[PDB]
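Colleague: Input model_27.cif, format and content: mmCIF, C-alpha atoms.
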```
data_work
#
loop_
_atom_site.group_PDB
_atom_site.id
_atom_site.type_symbol
_atom_site.label_atom_id
_atom_site.label_comp_id
_atom_site.auth_asym_id
_atom_site.auth_seq_id
_atom_site.Cartn_x
_atom_site.Cartn_y
_atom_site.Cartn_z
ATOM 1 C CA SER Y 1 69.213 -86.463 4.406
ATOM 2 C CA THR Y 2 65.933 -85.209 3.024
ATOM 3 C CA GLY Y 3 64.277 -84.523 -0.303
ATOM 4 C CA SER Y 4 61.396 -82.311 -1.407
ATOM 5 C CA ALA Y 5 59.760 -82.258 -4.827
ATOM 6 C CA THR Y 6 56.702 -80.574 -6.266
ATOM 7 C CA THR Y 7 54.033 -82.807 -7.783
ATOM 8 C CA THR Y 8 51.797 -81.364 -10.521
ATOM 9 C CA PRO Y 9 48.430 -82.486 -11.864
ATOM 10 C CA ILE Y 10 48.618 -83.833 -15.424
ATOM 11 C CA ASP Y 11 45.361 -82.157 -16.426
ATOM 12 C CA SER Y 12 42.541 -79.922 -15.214
ATOM 13 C CA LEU Y 13 40.790 -82.796 -13.408
ATOM 14 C CA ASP Y 14 43.718 -84.024 -11.315
ATOM 15 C CA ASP Y 15 43.571 -87.380 -13.124
ATOM 16 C CA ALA Y 16 47.099 -88.056 -11.857
ATOM 17 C CA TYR Y 17 50.128 -86.163 -10.604
ATOM 18 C CA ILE Y 18 53.669 -86.069 -12.027
ATOM 19 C CA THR Y 19 56.881 -85.410 -10.165
ATOM 20 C CA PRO Y 20 60.248 -84.738 -11.808
ATOM 21 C CA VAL Y 21 62.915 -87.399 -11.146
ATOM 22 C CA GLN Y 22 66.589 -87.243 -12.138
ATOM 23 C CA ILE Y 23 67.962 -90.545 -13.473
ATOM 24 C CA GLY Y 24 71.544 -91.281 -14.406
ATOM 25 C CA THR Y 25 74.689 -89.275 -15.104
ATOM 26 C CA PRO Y 26 74.370 -86.698 -16.564
ATOM 27 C CA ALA Y 27 70.855 -86.454 -15.190
ATOM 28 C CA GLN Y 28 67.949 -87.416 -17.408
ATOM 29 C CA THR Y 29 64.786 -85.844 -15.979
ATOM 30 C CA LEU Y 30 61.576 -87.814 -16.387
ATOM 31 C CA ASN Y 31 58.159 -86.981 -14.977
ATOM 32 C CA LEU Y 32 56.977 -89.958 -12.968
ATOM 33 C CA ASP Y 33 53.692 -90.894 -11.339
ATOM 34 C CA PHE Y 34 54.471 -91.492 -7.654
ATOM 35 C CA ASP Y 35 52.365 -94.490 -6.726
ATOM 36 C CA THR Y 36 51.923 -95.635 -3.119
ATOM 37 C CA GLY Y 37 49.885 -98.549 -4.525
ATOM 38 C CA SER Y 38 52.779 -100.264 -6.328
ATOM 39 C CA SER Y 39 56.475 -100.959 -5.905
ATOM 40 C CA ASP Y 40 58.229 -100.745 -9.280
ATOM 41 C CA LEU Y 41 60.158 -97.744 -10.624
ATOM 42 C CA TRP Y 42 59.733 -98.146 -14.366
ATOM 43 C CA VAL Y 43 60.306 -95.753 -17.223
ATOM 44 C CA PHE Y 44 59.726 -95.230 -20.898
ATOM 45 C CA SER Y 45 63.106 -95.803 -22.467
ATOM 46 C CA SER Y 46 65.223 -96.130 -25.570
ATOM 47 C CA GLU Y 47 64.254 -99.819 -25.398
ATOM 48 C CA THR Y 48 60.501 -99.215 -25.545
ATOM 49 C CA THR Y 49 58.835 -100.465 -28.728
ATOM 50 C CA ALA Y 50 58.830 -97.405 -30.992
ATOM 51 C CA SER Y 51 55.138 -97.651 -31.908
ATOM 52 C CA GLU Y 52 54.286 -97.533 -28.185
ATOM 53 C CA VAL Y 53 56.034 -94.210 -27.512
ATOM 54 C CA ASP Y 54 53.915 -91.069 -28.194
ATOM 55 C CA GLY Y 55 55.328 -87.895 -26.668
ATOM 56 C CA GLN Y 56 56.910 -89.307 -23.511
ATOM 57 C CA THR Y 57 60.420 -88.462 -22.394
ATOM 58 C CA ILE Y 58 62.610 -91.578 -22.463
ATOM 59 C CA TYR Y 59 65.469 -92.810 -20.323
ATOM 60 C CA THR Y 60 68.469 -93.892 -22.399
ATOM 61 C CA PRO Y 61 70.747 -96.014 -20.237
ATOM 62 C CA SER Y 62 73.558 -96.036 -22.804
ATOM 63 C CA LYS Y 63 73.944 -92.274 -22.254
ATOM 64 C CA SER Y 64 74.349 -92.702 -18.492
ATOM 65 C CA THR Y 65 77.860 -93.330 -17.206
ATOM 66 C CA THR Y 66 76.431 -94.729 -13.954
ATOM 67 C CA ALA Y 67 73.933 -97.163 -15.550
ATOM 68 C CA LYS Y 68 74.649 -100.858 -15.115
ATOM 69 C CA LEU Y 69 72.616 -103.706 -16.570
ATOM 70 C CA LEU Y 70 71.049 -105.835 -13.868
ATOM 71 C CA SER Y 71 71.988 -108.987 -15.706
ATOM 72 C CA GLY Y 72 69.224 -111.502 -16.253
ATOM 73 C CA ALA Y 73 66.591 -109.372 -14.575
ATOM 74 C CA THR Y 74 63.125 -108.868 -16.042
ATOM 75 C CA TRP Y 75 59.931 -107.274 -14.764
ATOM 76 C CA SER Y 76 56.270 -107.369 -15.721
ATOM 77 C CA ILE Y 77 53.390 -105.590 -14.026
ATOM 78 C CA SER Y 78 49.622 -105.327 -14.410
ATOM 79 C CA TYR Y 79 47.676 -102.574 -12.675
ATOM 80 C CA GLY Y 80 44.154 -102.471 -11.242
ATOM 81 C CA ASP Y 81 42.998 -100.348 -14.180
ATOM 82 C CA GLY Y 82 43.971 -103.089 -16.630
ATOM 83 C CA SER Y 83 47.111 -101.351 -17.859
ATOM 84 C CA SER Y 84 50.500 -103.113 -18.016
ATOM 85 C CA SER Y 85 54.211 -102.850 -18.885
ATOM 86 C CA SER Y 86 57.335 -105.025 -18.899
ATOM 87 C CA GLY Y 87 61.031 -105.022 -19.703
ATOM 88 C CA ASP Y 88 64.542 -105.366 -18.321
ATOM 89 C CA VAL Y 89 66.405 -103.587 -15.518
ATOM 90 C CA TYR Y 90 69.349 -101.284 -14.942
ATOM 91 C CA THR Y 91 70.700 -99.887 -11.722
ATOM 92 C CA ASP Y 92 71.479 -96.186 -11.763
ATOM 93 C CA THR Y 93 71.544 -93.021 -9.680
ATOM 94 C CA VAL Y 94 68.080 -91.623 -8.974
ATOM 95 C CA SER Y 95 67.411 -88.271 -7.287
ATOM 96 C CA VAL Y 96 64.107 -86.812 -6.128
ATOM 97 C CA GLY Y 97 64.010 -83.249 -4.923
ATOM 98 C CA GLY Y 98 67.629 -83.280 -3.796
ATOM 99 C CA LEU Y 99 67.637 -86.796 -2.266
ATOM 100 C CA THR Y 100 69.907 -89.237 -4.100
ATOM 101 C CA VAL Y 101 69.916 -93.022 -4.165
ATOM 102 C CA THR Y 102 72.768 -94.795 -5.899
ATOM 103 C CA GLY Y 103 72.164 -98.281 -7.266
ATOM 104 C CA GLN Y 104 68.396 -97.861 -7.636
ATOM 105 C CA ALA Y 105 66.681 -100.423 -9.832
ATOM 106 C CA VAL Y 106 65.325 -98.556 -12.864
ATOM 107 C CA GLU Y 107 63.027 -100.855 -14.804
ATOM 108 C CA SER Y 108 63.245 -100.060 -18.492
ATOM 109 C CA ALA Y 109 60.075 -100.735 -20.459
ATOM 110 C CA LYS Y 110 60.315 -102.797 -23.611
ATOM 111 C CA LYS Y 111 56.515 -102.914 -23.850
ATOM 112 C CA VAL Y 112 53.745 -100.700 -22.441
ATOM 113 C CA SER Y 113 49.971 -101.010 -22.819
ATOM 114 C CA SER Y 114 47.884 -98.548 -24.792
ATOM 115 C CA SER Y 115 46.773 -96.387 -21.862
ATOM 116 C CA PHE Y 116 50.404 -95.556 -21.114
ATOM 117 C CA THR Y 117 51.188 -94.753 -24.750
ATOM 118 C CA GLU Y 118 48.082 -92.557 -24.910
ATOM 119 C CA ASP Y 119 49.151 -90.482 -21.904
ATOM 120 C CA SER Y 120 51.960 -88.232 -23.117
ATOM 121 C CA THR Y 121 52.403 -86.626 -19.683
ATOM 122 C CA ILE Y 122 53.525 -89.693 -17.699
ATOM 123 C CA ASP Y 123 57.058 -90.960 -18.390
ATOM 124 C CA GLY Y 124 56.785 -93.846 -15.943
ATOM 125 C CA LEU Y 125 55.915 -94.776 -12.373
ATOM 126 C CA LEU Y 126 57.802 -94.572 -9.090
ATOM 127 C CA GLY Y 127 56.365 -97.115 -6.677
ATOM 128 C CA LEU Y 128 56.139 -96.319 -2.974
ATOM 129 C CA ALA Y 129 54.261 -99.355 -1.642
ATOM 130 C CA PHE Y 130 56.207 -102.094 0.145
ATOM 131 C CA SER Y 131 59.082 -103.752 -1.694
ATOM 132 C CA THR Y 132 57.442 -107.180 -1.310
ATOM 133 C CA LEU Y 133 55.253 -106.171 -4.302
ATOM 134 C CA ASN Y 134 58.198 -105.428 -6.593
ATOM 135 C CA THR Y 135 57.995 -107.554 -9.749
ATOM 136 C CA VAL Y 136 61.676 -107.874 -10.693
ATOM 137 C CA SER Y 137 62.779 -111.468 -11.238
ATOM 138 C CA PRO Y 138 64.800 -113.406 -10.218
ATOM 139 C CA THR Y 139 65.918 -110.902 -7.552
ATOM 140 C CA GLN Y 140 63.191 -108.647 -6.145
ATOM 141 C CA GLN Y 141 64.284 -105.022 -5.978
ATOM 142 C CA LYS Y 142 63.725 -102.289 -3.386
ATOM 143 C CA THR Y 143 61.707 -99.116 -3.852
ATOM 144 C CA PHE Y 144 63.346 -95.706 -3.911
ATOM 145 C CA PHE Y 145 62.022 -95.082 -0.385
ATOM 146 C CA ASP Y 146 63.244 -98.434 0.921
ATOM 147 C CA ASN Y 147 66.730 -97.662 -0.465
ATOM 148 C CA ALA Y 148 66.780 -94.112 0.931
ATOM 149 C CA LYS Y 149 65.248 -94.938 4.297
ATOM 150 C CA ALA Y 150 68.309 -95.552 6.424
ATOM 151 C CA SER Y 151 69.913 -92.305 5.222
ATOM 152 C CA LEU Y 152 66.826 -90.156 5.848
ATOM 153 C CA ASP Y 153 66.644 -87.937 8.927
ATOM 154 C CA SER Y 154 63.405 -89.755 9.775
ATOM 155 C CA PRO Y 155 62.156 -92.881 7.947
ATOM 156 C CA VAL Y 156 59.071 -91.239 6.452
ATOM 157 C CA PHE Y 157 57.706 -89.616 3.354
ATOM 158 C CA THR Y 158 54.683 -87.354 3.049
ATOM 159 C CA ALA Y 159 52.119 -86.707 0.332
ATOM 160 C CA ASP Y 160 50.485 -83.283 0.136
ATOM 161 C CA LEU Y 161 48.470 -83.388 -3.091
ATOM 162 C CA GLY Y 162 46.736 -80.284 -4.316
ATOM 163 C CA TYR Y 163 43.205 -79.785 -5.567
ATOM 164 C CA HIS Y 164 43.520 -78.424 -9.089
ATOM 165 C CA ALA Y 165 46.998 -77.259 -8.061
ATOM 166 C CA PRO Y 166 50.534 -78.521 -7.430
ATOM 167 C CA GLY Y 167 51.526 -80.127 -4.168
ATOM 168 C CA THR Y 168 54.523 -81.737 -2.551
ATOM 169 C CA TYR Y 169 56.214 -85.053 -1.800
ATOM 170 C CA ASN Y 170 58.724 -84.813 1.042
ATOM 171 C CA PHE Y 171 61.205 -87.491 2.099
ATOM 172 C CA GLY Y 172 62.756 -87.710 5.531
ATOM 173 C CA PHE Y 173 60.917 -84.952 7.392
ATOM 174 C CA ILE Y 174 57.491 -83.678 8.325
ATOM 175 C CA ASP Y 175 56.813 -80.039 7.317
ATOM 176 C CA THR Y 176 54.884 -78.760 10.318
ATOM 177 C CA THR Y 177 53.794 -75.673 8.322
ATOM 178 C CA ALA Y 178 51.925 -77.806 5.750
ATOM 179 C CA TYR Y 179 48.912 -78.861 7.838
ATOM 180 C CA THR Y 180 46.485 -77.555 10.465
ATOM 181 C CA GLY Y 181 45.781 -79.164 13.829
ATOM 182 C CA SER Y 182 47.469 -82.447 14.690
ATOM 183 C CA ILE Y 183 48.451 -85.538 12.718
ATOM 184 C CA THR Y 184 46.417 -88.599 13.702
ATOM 185 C CA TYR Y 185 48.321 -91.821 13.231
ATOM 186 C CA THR Y 186 46.636 -95.120 12.491
ATOM 187 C CA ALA Y 187 47.809 -98.740 12.182
ATOM 188 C CA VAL Y 188 48.981 -100.248 8.920
ATOM 189 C CA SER Y 189 48.882 -103.832 7.732
ATOM 190 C CA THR Y 190 51.613 -104.685 5.259
ATOM 191 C CA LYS Y 191 50.288 -108.198 4.636
ATOM 192 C CA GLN Y 192 49.178 -107.367 1.079
ATOM 193 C CA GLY Y 193 52.179 -105.065 0.460
ATOM 194 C CA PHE Y 194 50.059 -101.907 0.600
ATOM 195 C CA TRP Y 195 49.671 -98.983 2.974
ATOM 196 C CA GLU Y 196 46.534 -100.675 4.241
ATOM 197 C CA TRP Y 197 44.584 -99.169 7.158
ATOM 198 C CA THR Y 198 41.091 -99.052 8.637
ATOM 199 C CA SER Y 199 38.989 -95.914 8.523
ATOM 200 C CA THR Y 200 36.598 -95.528 11.454
ATOM 201 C CA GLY Y 201 33.615 -94.350 9.425
ATOM 202 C CA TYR Y 202 32.079 -91.671 7.262
ATOM 203 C CA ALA Y 203 29.609 -88.837 6.929
ATOM 204 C CA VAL Y 204 27.848 -87.362 3.894
ATOM 205 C CA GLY Y 205 27.659 -83.581 3.867
ATOM 206 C CA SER Y 206 26.294 -82.289 7.165
ATOM 207 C CA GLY Y 207 24.888 -85.704 8.059
ATOM 208 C CA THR Y 208 25.738 -87.580 11.226
ATOM 209 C CA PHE Y 209 28.893 -89.679 11.317
ATOM 210 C CA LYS Y 210 28.441 -93.422 10.813
ATOM 211 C CA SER Y 211 30.912 -95.442 12.866
ATOM 212 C CA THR Y 212 31.935 -98.426 10.765
ATOM 213 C CA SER Y 213 35.276 -100.020 9.943
ATOM 214 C CA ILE Y 214 36.426 -99.517 6.344
ATOM 215 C CA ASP Y 215 39.660 -101.334 5.442
ATOM 216 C CA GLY Y 216 41.410 -99.792 2.471
ATOM 217 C CA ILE Y 217 44.684 -98.619 0.967
ATOM 218 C CA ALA Y 218 46.255 -95.186 0.759
ATOM 219 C CA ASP Y 219 47.009 -95.089 -2.979
ATOM 220 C CA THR Y 220 48.382 -91.952 -4.620
ATOM 221 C CA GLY Y 221 48.374 -93.788 -7.953
ATOM 222 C CA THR Y 222 44.580 -94.131 -8.064
ATOM 223 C CA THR Y 223 42.563 -91.077 -9.050
ATOM 224 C CA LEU Y 224 39.258 -91.689 -7.304
ATOM 225 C CA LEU Y 225 37.854 -92.833 -3.949
ATOM 226 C CA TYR Y 226 36.553 -96.414 -4.130
ATOM 227 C CA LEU Y 227 34.417 -97.534 -1.188
ATOM 228 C CA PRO Y 228 31.802 -100.220 -0.422
ATOM 229 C CA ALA Y 229 28.605 -100.009 -2.458
ATOM 230 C CA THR Y 230 26.558 -99.254 0.670
ATOM 231 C CA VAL Y 231 28.659 -96.149 1.470
ATOM 232 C CA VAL Y 232 28.743 -94.980 -2.125
ATOM 233 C CA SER Y 233 24.977 -95.359 -2.509
ATOM 234 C CA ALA Y 234 24.440 -93.317 0.650
ATOM 235 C CA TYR Y 235 26.589 -90.537 -0.799
ATOM 236 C CA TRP Y 236 24.987 -90.306 -4.234
ATOM 237 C CA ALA Y 237 21.479 -90.531 -2.776
ATOM 238 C CA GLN Y 238 22.157 -86.985 -1.537
ATOM 239 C CA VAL Y 239 22.807 -85.687 -5.051
ATOM 240 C CA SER Y 240 19.739 -84.770 -7.082
ATOM 241 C CA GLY Y 241 19.650 -86.682 -10.355
ATOM 242 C CA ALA Y 242 22.639 -88.908 -9.629
ATOM 243 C CA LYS Y 243 22.539 -92.459 -10.924
ATOM 244 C CA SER Y 244 24.801 -95.440 -11.409
ATOM 245 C CA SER Y 245 25.318 -95.959 -15.112
ATOM 246 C CA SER Y 246 26.460 -99.374 -16.262
ATOM 247 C CA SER Y 247 27.215 -97.998 -19.744
ATOM 248 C CA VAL Y 248 29.443 -95.257 -18.322
ATOM 249 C CA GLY Y 249 30.884 -97.476 -15.589
ATOM 250 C CA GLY Y 250 29.896 -95.714 -12.393
ATOM 251 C CA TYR Y 251 27.936 -92.940 -10.782
ATOM 252 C CA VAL Y 252 27.218 -89.850 -12.849
ATOM 253 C CA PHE Y 253 25.324 -86.692 -11.953
ATOM 254 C CA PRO Y 254 24.161 -83.467 -13.574
ATOM 255 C CA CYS Y 255 26.680 -80.733 -13.290
ATOM 256 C CA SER Y 256 23.872 -78.417 -12.165
ATOM 257 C CA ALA Y 257 23.754 -80.487 -8.960
ATOM 258 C CA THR Y 258 25.545 -79.406 -5.790
ATOM 259 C CA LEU Y 259 27.893 -82.047 -4.407
ATOM 260 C CA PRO Y 260 27.958 -82.595 -0.655
ATOM 261 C CA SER Y 261 31.256 -83.086 1.116
ATOM 262 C CA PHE Y 262 32.353 -86.534 2.246
ATOM 263 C CA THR Y 263 34.004 -87.084 5.618
ATOM 264 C CA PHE Y 264 36.119 -90.106 6.514
ATOM 265 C CA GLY Y 265 37.326 -91.130 9.944
ATOM 266 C CA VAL Y 266 40.931 -91.558 11.031
ATOM 267 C CA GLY Y 267 40.716 -92.795 14.574
ATOM 268 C CA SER Y 268 38.692 -90.153 16.378
ATOM 269 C CA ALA Y 269 39.756 -87.502 13.839
ATOM 270 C CA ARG Y 270 37.916 -86.518 10.662
ATOM 271 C CA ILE Y 271 39.071 -85.614 7.132
ATOM 272 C CA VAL Y 272 36.564 -83.615 5.077
ATOM 273 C CA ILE Y 273 36.624 -83.955 1.295
ATOM 274 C CA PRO Y 274 34.920 -80.857 -0.150
ATOM 275 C CA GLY Y 275 32.141 -81.514 -2.665
ATOM 276 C CA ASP Y 276 34.097 -79.904 -5.509
ATOM 277 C CA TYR Y 277 36.817 -82.577 -5.167
ATOM 278 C CA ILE Y 278 34.244 -85.202 -6.176
ATOM 279 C CA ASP Y 279 33.468 -83.615 -9.600
ATOM 280 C CA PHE Y 280 35.360 -85.200 -12.515
ATOM 281 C CA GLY Y 281 33.631 -83.333 -15.298
ATOM 282 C CA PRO Y 282 31.609 -84.302 -18.347
ATOM 283 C CA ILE Y 283 31.657 -87.988 -19.310
ATOM 284 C CA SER Y 284 32.301 -86.793 -22.873
ATOM 285 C CA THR Y 285 32.914 -83.325 -24.293
ATOM 286 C CA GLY Y 286 29.731 -81.294 -24.239
ATOM 287 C CA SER Y 287 27.776 -83.722 -22.058
ATOM 288 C CA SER Y 288 25.630 -82.511 -19.200
ATOM 289 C CA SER Y 289 26.414 -85.761 -17.355
ATOM 290 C CA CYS Y 290 29.350 -85.497 -14.970
ATOM 291 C CA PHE Y 291 31.488 -88.359 -13.651
ATOM 292 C CA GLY Y 292 31.622 -88.838 -9.905
ATOM 293 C CA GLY Y 293 34.784 -89.035 -7.842
ATOM 294 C CA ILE Y 294 33.404 -91.536 -5.312
ATOM 295 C CA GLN Y 295 32.712 -94.925 -6.839
ATOM 296 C CA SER Y 296 32.034 -98.478 -5.710
ATOM 297 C CA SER Y 297 34.915 -100.791 -4.928
ATOM 298 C CA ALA Y 298 32.695 -103.845 -5.439
ATOM 299 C CA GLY Y 299 34.614 -106.266 -7.613
ATOM 300 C CA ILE Y 300 37.970 -104.537 -7.053
ATOM 301 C CA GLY Y 301 38.439 -106.643 -3.951
ATOM 302 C CA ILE Y 302 39.784 -103.762 -1.873
ATOM 303 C CA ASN Y 303 38.732 -100.238 -0.917
ATOM 304 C CA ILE Y 304 40.999 -97.528 -2.270
ATOM 305 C CA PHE Y 305 41.632 -94.137 -0.707
ATOM 306 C CA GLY Y 306 42.913 -92.592 -3.912
ATOM 307 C CA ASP Y 307 43.723 -89.010 -4.790
ATOM 308 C CA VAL Y 308 40.178 -87.699 -4.176
ATOM 309 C CA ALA Y 309 40.577 -88.633 -0.506
ATOM 310 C CA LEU Y 310 44.312 -88.081 -0.067
ATOM 311 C CA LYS Y 311 44.356 -84.577 -1.563
ATOM 312 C CA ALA Y 312 42.041 -83.449 1.271
ATOM 313 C CA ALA Y 313 44.787 -84.292 3.799
ATOM 314 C CA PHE Y 314 48.445 -84.064 4.655
ATOM 315 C CA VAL Y 315 49.442 -87.733 4.690
ATOM 316 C CA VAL Y 316 52.428 -89.282 6.477
ATOM 317 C CA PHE Y 317 53.717 -92.603 5.246
ATOM 318 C CA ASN Y 318 55.741 -93.680 8.273
ATOM 319 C CA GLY Y 319 58.271 -96.376 7.433
ATOM 320 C CA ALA Y 320 59.386 -97.032 10.982
ATOM 321 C CA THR Y 321 59.980 -100.655 11.961
ATOM 322 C CA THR Y 322 56.242 -100.893 12.497
ATOM 323 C CA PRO Y 323 54.816 -98.739 9.705
ATOM 324 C CA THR Y 324 51.873 -96.420 10.342
ATOM 325 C CA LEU Y 325 49.906 -93.790 8.425
ATOM 326 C CA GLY Y 326 49.249 -90.244 9.603
ATOM 327 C CA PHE Y 327 46.510 -87.910 8.401
ATOM 328 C CA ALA Y 328 46.053 -84.203 9.101
ATOM 329 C CA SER Y 329 43.654 -81.595 7.764
ATOM 330 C CA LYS Y 330 45.212 -78.725 5.847
#
```
Output the file's structure in the form of structure tokens.

Modeller:
Amino acid sequence: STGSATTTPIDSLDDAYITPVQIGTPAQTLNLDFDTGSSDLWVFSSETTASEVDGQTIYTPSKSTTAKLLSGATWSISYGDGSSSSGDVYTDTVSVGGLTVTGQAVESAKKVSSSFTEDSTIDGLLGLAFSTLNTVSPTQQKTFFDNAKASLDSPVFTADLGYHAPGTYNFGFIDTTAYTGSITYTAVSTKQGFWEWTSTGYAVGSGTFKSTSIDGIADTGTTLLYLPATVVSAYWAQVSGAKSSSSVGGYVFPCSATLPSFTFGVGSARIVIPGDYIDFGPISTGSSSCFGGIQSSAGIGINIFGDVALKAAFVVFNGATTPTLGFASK
């Protein structure tokens, strides 16, 4: 089998992407944030504290003839951005772009943190990291991909995120029309439960390529590109008027400045992030100070190839017995 679904930016800055997901019978369609940095499929629901729901579409398990309580199960997650949610668990039928999994754990939120409430466009998350990170207790549950894998034509999914435009998540096949050149595959460590890999280096604009190992994760659920402070400083040094602002919480720059591209290495291949992808707009409405899309990972504890990086590539998440990652230009 295969599936194919369009993913759509939530706003004009590509702060996140939402993908429609059918849950239950009859289908309830919720717009979920596909997150290769986590491993829980959780949704706003009829069980979510009323004061914490503000515009989201909810899953109501009592209206699904295929929903079954996963008795005794609870879940609770905290994300890198300080947000959190928790609740109980049902199993139900979940379909993405024509691909159906029966018996998928659907984690129903009883509580969500303020950032989730405040984002009316995201009805929940669909985790696509390794199932070892799933938070359901006492019995850890499998991701949608893990459940689908054996049925897929090939045990892979791909992320093709757009810049200020929709893109595509495919399951079970590689669309050879969606990228230019070849796909370069690179080793993955699953030891932390992430799609963790090692970039071979970077360049800033037309500068020479610096060969240096950068371990990080391919994370569709993180907006920006977070890299070591040395790398990030080298980038912003090439932008007139850029500075790191402790009050704002990262590098900012005047919108009158031209942003150079940023290149990252995948083996001997190179992915070029155009300068425009690194502009995240005014820090506040009407400000001449713009927020940068490349920021320091210092104090995160890991480098993160988030959407800024991934949207410059066609990315293969290969779930073969030994997982790997593939990157192509597009």

Colleague: What do you get, as a ChimeraX atom specification, if you spell out every residue that the PyMOL selection byres ((chain Y and resi 201) around 10) selects here?

Modeller: /Y:198-200,202-203,209-214,231,263-268,270

Colleague: Name every residue that the PyMOL selection byres ((chain Y and resi 145) around 10) selects in this structure, writing the answer as a ChimeraX atom specification with chains first and numbers rising.

Modeller: /Y:39,101,126-131,142-144,146-150,152,155-157,171-172,319

Colleague: Can you list what the PyMOL selection byres ((chain Y and resi 64) around 12) grabs from this structure, as a PyMOL selection string?

Modeller: chain Y and resi 22-28+59-63+65-69+90-94

Colleague: Quick one: of Y:79, Y:173, Y:34, Y:42, who's nearest to residue 109 of chain Y, counting only C-alpha atoms?

Modeller: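 That would be Y:42, the residue with the smallest distance to residue 109 of chain Y.
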
Colleague: Within 9 Å of (56.8, -91.9, -19.3) in the file's own coordinates, which protein, DNA or RNA residues have an atom, counting only C-alpha atoms? List them as a list in words.

Modeller: residues 30, 31, 32, 33, 42, 43, 44, 45, 53, 55, 56, 57, 58, 59, 116, 117, 119, 120, 121, 122, 123, 124 and 125 of chain Y

Colleague: Considering all atoms listed in the file, return as number ranges by chain whatever protein or nucleic-acid residues lie within 12 Å of residue 194 of chain Y, sequence-local ones (same chain, fewer than 5 positions apart) excluded.

Modeller: Y: 35-39, 127-134, 188-189, 215-221, 302-305, 317, 323-325

Colleague: Have a look at Y:158, Y:261, Y:46, Y:246 and name the one nearest to residue 206 of chain Y; count all atoms listed in the file.

Modeller: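 Nearest to residue 206 of chain Y: Y:261.
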
Colleague: Determine, counting only C-alpha atoms, which protein, DNA and RNA residues have an atom within 9 Å of an atom of residue 275 of chain Y; residues of the same chain fewer than 2 positions away are not included. Present the result as a list in words.

Modeller: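 Everything that qualifies: residues 205, 258, 259, 260, 261, 262, 273, 277, 278 and 279 of chain Y.
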
Colleague: Have a look at Y:306, Y:181, Y:249, Y:241 and name the one nearest to residue 225 of chain Y; count only C-alpha atoms.

Modeller: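 Answer, going by the shortest atom-to-atom distance: Y:306.
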
Colleague: Would you give the centre and edge lengths, in Å to one decimal, of a box along x, y and z around the listed atoms of segment 98-104 of chain Y, with 6 Å added to each side, as lines of an AutoDock Vina configuration file?

Modeller:
```
center_x = 70.2
center_y = -90.8
center_z = -5.0
size_x = 17.1
size_y = 27.0
size_z = 17.4
```

Colleague: Residues at most 9 Å from residue 138 of chain Y, counting only C-alpha atoms, excluding those fewer than 5 positions away in the same chain, as number ranges by chain?

Modeller: Y: 72-74
